[PDB]
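Participant: Supplied in structure tokens, the structure appears directly below.
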DNA sequence: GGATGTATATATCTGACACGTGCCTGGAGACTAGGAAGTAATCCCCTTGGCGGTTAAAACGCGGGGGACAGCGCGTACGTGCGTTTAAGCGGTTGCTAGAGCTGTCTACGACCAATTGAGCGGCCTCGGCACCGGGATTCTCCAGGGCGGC
């Protein structure tokens, strides 16, 4: 399985990103701080076979 | 042997403590009215954490020259000291007037209260001016016919 995780706060997204960084899980991220080019890059990277 | 240095005692000066007195202002006691605390309702602004898109401001780098700063010379203007003058400072005259303080009288002026009403705040209707739409007058580009030339 692959999982999306939705949050109302981007600071809680930072907390989960650090949790997966010390945990060691390949994660990708999207919020309002990420510009549209890196958003397109991340969505295409997650959807690649 | 005479006079000088020094110690203890006595009279006088002076700031401080307590006693006395007035008086007037603060405190005690009582009453009352209203200022403010509390309550409920309504509505609008502010808080925190986000997103999206524009864009002009902020940031960064680099070249260069204008300006800040240091040094040096110089000459003038200010400091310093002394002798002389002068006016400030103190004490003094001599009267009159201004002003603080106190007491007294009175009157016009402002506080206070009730009734009234007319000037301030909000909305509604209308006009002045600006703007949207329809119709008439004026000017520009174009398609076709007539005449001339060539094989």
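Participant: Hey, what does the equivalent ellipsoid look like for chain A, semi-axes from the Cα gyration tensor as sqrt of 5 times each eigenvalue, largest first, whole Å? Working shown, then result.
Facilitator: On the way: eigenvalues 61, 47, 19 Å².
Semi-axes (√(5λ), whole Å): 18, 15, 10.
Participant: Restricting to DSSP H runs of at least four residues, report the calculated mean residue ellipticity at 222 nm for chain A, -39500 (n - 2.57) per run over all residues, nearest 500 deg cm²/dmol.
Facilitator: Numbers: 2 runs with 25 residues, N = 49.
Rounded to the nearest 500, it is -16000 deg cm²/dmol.
All of the numbers you see were taken from the coordinates with simple rules; none came from a lab.
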